[PDB]
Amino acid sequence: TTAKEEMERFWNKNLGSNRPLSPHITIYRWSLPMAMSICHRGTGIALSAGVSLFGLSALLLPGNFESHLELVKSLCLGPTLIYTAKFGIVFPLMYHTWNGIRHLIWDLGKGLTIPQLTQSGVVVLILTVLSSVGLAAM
């Protein structure tokens, strides 16, 4: 019985069984690391979703960017509501950016102790809020 064959037997046996699956997401402790990678996915997905709509409407929609801004302008825009929208743009951009840097440090092999994760993880949140609030008022 080889490693492959064992693996094969496992699945045949278990799929055609009436064994339950142990729970996972429902029972597992919520960690800052967990949350902080989930977000990094979520943020990723939202940005590409964002970039796509932008490049796609360039080919599909009528007019030009100027016309679409002049359209926006004429929506009795609140200066707070503009900030909101503008913060909403740049909040996940900055989170993902800062955290992305943390990911890239890790890939350099650096800072993978449960101390260092809570430290850096916390810094990312701080850098996020600051650069986000910063940019959203530039």
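In this text, the rigid core denotes the largest set of C-alpha atoms whose superposition between the two forms falls within 1.5 Å. Don't overthink the numbering: it's just position in the shown sequence, from 1.
Each structure in 5 other deposited structures of this protein is fitted to the shown form on the rigid core, and of 50 to 58 and 70 to 78 the C-alphas lie farther away on average for 70 to 78. Of the two stretches examined, 41 to 49 and 80 to 88, the record assigns the greater average C-alpha temperature factor to 80 to 88. Relative to its counterpart among 98 to 106 and 70 to 78, 70 to 78 has the higher mean temperature factor, C-alpha atoms as listed in the PDB entry. Sort the chain's modelled residues by C-alpha temperature factor and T128 lands in the lowest third, per the entry. Per the PDB record, residue ranking by Cα B-factor puts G55 in the lowest third of the chain.
Ranked by C-alpha B-factor against the other modelled residues of its chain, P33 falls in the middle third. For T113, the recorded CA B-factor ranks within the lowest third of the chain. Only modelled residues enter the ranking.
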